[PDB]
Every structure is written in structure tokens, then in C-alpha cells.
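Participant: just dropping in an experimental structure and the matching sequence.
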Amino acid sequence: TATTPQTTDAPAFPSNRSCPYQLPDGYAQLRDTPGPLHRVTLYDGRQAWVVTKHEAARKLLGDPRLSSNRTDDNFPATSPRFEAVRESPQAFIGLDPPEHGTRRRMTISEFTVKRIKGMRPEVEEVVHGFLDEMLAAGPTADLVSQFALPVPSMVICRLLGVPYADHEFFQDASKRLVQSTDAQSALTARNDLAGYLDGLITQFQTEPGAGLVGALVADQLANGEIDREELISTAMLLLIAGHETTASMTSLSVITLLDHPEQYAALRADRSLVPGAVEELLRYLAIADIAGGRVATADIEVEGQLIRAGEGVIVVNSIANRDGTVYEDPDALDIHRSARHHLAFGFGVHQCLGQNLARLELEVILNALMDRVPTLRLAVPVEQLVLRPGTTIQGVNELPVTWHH
Ligand code: HEM
Ligand SMILES: O=C(O)c1ccccc1Nc1cccc(C(F)(F)F)c1
């Protein structure tokens, strides 16, 4: 057996959070080490680079030599989930220019500032309805299942034209896919969603209807400009991202705000601070490092360090968002700071399609919680919560809460 010291210069990555709003201990070390890049070891023993500094992260996310192609043999997979989805065509999150733009542009019209503004009545109605329901159902609740997840689920389903009557099926399948720890469970969940979306497509060909899925069927599919299987993958990406991200931000924001009561009280007293507070929470909670993987198709020199063609690179936006040369006192939550330029949504051609929908949702959500349940508090200590591992979207699967009856 091993009898020598075990220190490594390529630590295992990713790490798991122990506190919902602080860097894992190993990540603070990466944050402090000079240089834009650091070697890490992935779950299968393969070495990859992580990007740990803010401007270097923007530069590399903007560099077309870093490909988003998940089918590449050298793509930096962080768990066995990745190996599962090989047979299926990728959604545009896994495409590079020029194919990336042709597919992304098929969906952008649903996310314009004008459409998002027009969605405010629906978002407010959905938020207040699930809130009406949770407050009436009992003195305590799981915020996740009763509020954080159904709200963005109903909103994105309406945008897509996915009937919410099937929500128990597709919400469960979405959870199994993003939180899968092995390839087989991931493949099963993906096939479940694919079969469901396939049936929805056939129905739109018979009976044209509203929503982005209906529009893609009636236009691009009918012109042969998207493959049926690509349409499934695109709808699946938007469905899952639209659900899982906002839900995680809601639950983690509640935990974080309750641990910072002075700032939460200031937020309640001046609602003009909400948009800025949402940006700070996005920066600080950075829930989507899982989306930072890239593979180099050519050598890239980064401040003296060399990324070789064929090497995997993960842009760790949570660490980059704690860069003190950009955010003074970066580990402090400050809803009054300028959190502009943060990387929680990425940067460049793949920058989050839904970012302004997410911003609208989180603004409406925080205002609604402060208006309708100002006495909201956790029903258990923070120590008793269970955080998801760094191999998935950050968050909590259950969040017990209570309030003044
Ligand atoms: C709520 C907080 C959210 C966070 C923190 C977040 C984070 C991210 C990040 C970091 C990326 C970049 C992936 C990459 O560079 O490979 C991304 C892309 C994307 N996100 Fe978001 N997201 C959020 C909400 C949403 C919502 C509500 C939707 C609605 C469907 C959405 C849809 C997408 C899509 C489609 C992409 C792929 C864009 C592309 O490849 O061109 N996201 N997101
Ligand atoms: O990344 C894929 O290929 C993907 C595929 C199908 C469904 C969802 C997918 N991605 C995903 C799932 C949840 C959250 C986010 C993101 F963080 F990027 F928004 C991306």
C-alpha cells in the first residue's frame, strides 16, 4: 500500500460545497494560486485544465479554439453522466459555429427583451398562485417541491408549448437526467423525455399549435432545416435548463438571504435594490460550473501556460466570480455592490439564452416572498440541509420552511 505523502499538484475536480454560498475549500486554493489555469484530475483519472481567473475566463470562453463539442473523445467529462448521451444529436449548447448559430437563432425570438417584458403578467400570476397554494396547504412546506420548481416549470412549459398536465412525468425525468450519477440512469431519463417530446412533435404536425415547439415543427422541421431528433434535443435543453436553474437559484437564494438578515431587511425596505441583488446572488451562488467544459482544437497560449490541442478545459465560473481584482472582498455578499460582468451565465456565443427570463423570474419571486411571506424562515438548521455534489447543478433537493400562520 501507499506509504509516502499524498499531496498532488492536480487535485480531484469538481469539489462539493459544504456551505451553499461559499467556495469549497479546494476552490479557494485554486482561486488564490497565481495564473489563469490550474491542472486538475477528473473522476476517471484524466487530467484537465481549470480556468480560475475572471478575465482569462472571458478570453477563453470567447476563443473559438475552445470547442463545446461533447462528442469529442477528449471533452472534460466530470461524471459518468456524460458518456450516456452519445447516440443522440447534441442541442446547440454542444455545437460550435457555424452550426451553433443556425440552431440558436431558431429559438432567440422567444427570449427577446420585448417578449420577456410581455411575460411579466404570466410570471406574476404563476408565482402568486403557487404561493397562495403553499401558504394554504399547511404551516410548513418543502419550498423546492411546492414553489421553487413548479413556478419556472409552468413558465417554461408555456413558452415551449409543453402541456403542464404531464408535469409529474417530465419533472421527474428532468431531475433524474441532471442528477444522474451513472450513464444508464441518465440514458433512461433522456430516452423518457425524448419519447415524450417525440409524441408532442407528431401532434403539432397534425394540429399546429402555440409555443416554441409548435413553431419549430411548423417552420424549420417542415422545411428540413432541423432534424426531428435535433428538435427533440433542443426542446429538451430548454425544458430542463428552464426548470432546474431558476429552481436552484430560488432555494439557494432563500438560504443565503436568511443567513444575511441585515441585507435581506435592506432589500425588503427598498425594492429598487432587487435587480442588483439578483445579480449579486447570481455572481455569489454561481450554480452552473457543470456548463464550463470545453476542448481545445488547437494550441492556446494563456499567460505563459500552454493549452495543447486535444486537452480538456473547464471554465469554473464560480471561482472566476470570486476574483478579487474584479469584485473587492469577493467572498462577501453585498447586494449593494456592482456585480456587473459576472460569469454566472457564461460569456460569448453560448452565453445563457434564458438569462433575462431568469432575471425576471427571480425578481418576481423575491418580491413575492417579501410581500406575501415576510416571516418565512427555515424549518431546520442550515447544518441539516443536503447540498447536491459539484457534478450537477448546485442546489438542495428539499428545503423545509415555515412562517407566521
Ligand atoms: C437561473 C439561472 C441560470 C444560470 C445560472 C444559467 C447558466 C448558464 C450558463 C453558465 C450557460 C453557458 C453554458 C456554456 O457556456 O456552455 C448557459 C447556457 C444556456 N442556458 Fe442558462 N442559466 C440559467 C437560466 C436559464 C433559463 C431559465 C433558461 C431557459 C431555457 C436557460 C437556457 C439556456 C440555454 C438554452 C443555454 C445554451 C446557450 C447556448 O449554448 O448558446 N438558462 N446557462
Ligand atoms: O447540456 C446539455 O447537453 C443538455 C442536454 C439536455 C438537457 C439539458 C442540458 N443541459 C443543461 C441542463 C441544466 C442546466 C443547464 C445550464 F446550466 F446550462 F443552463 C444546461
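Facilitator: Yes, it's here. Numbers count the residues shown, from 1 in each chain. Ligands and ions are numbered 1, 2, ... in the order given.

Participant: can you pull the residues of this structure lying near ligand 2?
Facilitator: For the chain, the contact set with ligand 2 under Cβ under 6 Å from any ligand atom comprises 91, 93-94, 178, 236-237, 240-241, 244-245, 288, 291, 393. For the C-beta atoms, the positions are set from N, CA and C on the backbone; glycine is no exception.

Participant: neighbour-wise, which of these leads?
Facilitator: Tallying neighbours with other Cβ atoms under 10 Å puts residue 245 at the head of the residues of the chain next to ligand 2, with 27 neighbours.

Participant: in contact with it, which residues?
Facilitator: Counting by Cβ atoms under 8 Å, 6 or more residues apart in numbering, residue 245 makes contact with 152, 287-288, 354, 358, 393.

Participant: for the residues you listed, which one is nearest ligand 2?
Facilitator: Comparing the contacts of residue 245 against ligand 2 with Cβ to the nearest ligand atom places residue 288 closest, at 3.7 Å.

Participant: the closest one against residue 317, yeah?
Facilitator: Yes - using Cβ atoms under 8 Å, residue 288 is in contact with residue 317, at 7.0 Å.

Participant: give me the distance from the longest helix anywhere in the chain to the chain's centre.
Facilitator: Ordering each helix of the chain by length in residues (DSSP state H) puts helix 228-258 first. Distance, stretch centre to chain centre, for helix 228-258: 6 Å (Cα atoms, centre = their mean, to the nearest Å).

Participant: list the buried residues of it.
Facilitator: Neighbour counts over helix 228-258 (16 or more other Cβ atoms under 10 Å) mark 230-257 as buried.

Participant: which parts of the stretch 151-300 of the chain sit against ligand 1?
Facilitator: Residues of the stretch 151-300 of the chain lying near ligand 1 (Cβ under 6 Å from any ligand atom): 156, 237-238, 241-242, 245-246, 249, 287-288, 291.

Participant: relative to residue 244, how far out is whichever residue of the chain sits closest to ligand 1?
Facilitator: With Cβ to the nearest ligand atom as the measure, residue 354 is the residue of the chain nearest to ligand 1, at 2.3 Å. Using Cβ to Cβ, to the nearest Å, one gets 11 Å for the distance from residue 354 to residue 244.

Participant: check residue 231 too.
Facilitator: Between residue 231 and residue 244 the distance, using Cβ to Cβ, works out to 20 Å.

Participant: how about residue 97, secondary structure?
Facilitator: coil (DSSP: H, G, I helix; E, B strand; the rest coil).

Participant: go on, residue 180?
Facilitator: Applying three-state DSSP: residue 180 is coil.

Participant: please enumerate the helices of the stretch 51-200 of the chain.
Facilitator: Remark: helices assigned in the stretch 51-200 of the chain by DSSP state H, counting those that start in this stretch are 54-61, 99-104, 113-118, 120-137, 143, 150-160, 167-178, 183-206.

Participant: in CSV, list those helices along with distance to residue 371.
Facilitator: Output for the helices of the stretch 51-200 of the chain, formatted as CSV (distance: least, Cβ to Cβ, whole Å):
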stretch, distance to residue 371
helix 54-61, 35
helix 99-104, 36
helix 113-118, 21
helix 120-137, 9
helix 143, 16
helix 150-160, 15
helix 167-178, 26
helix 183-206, 35
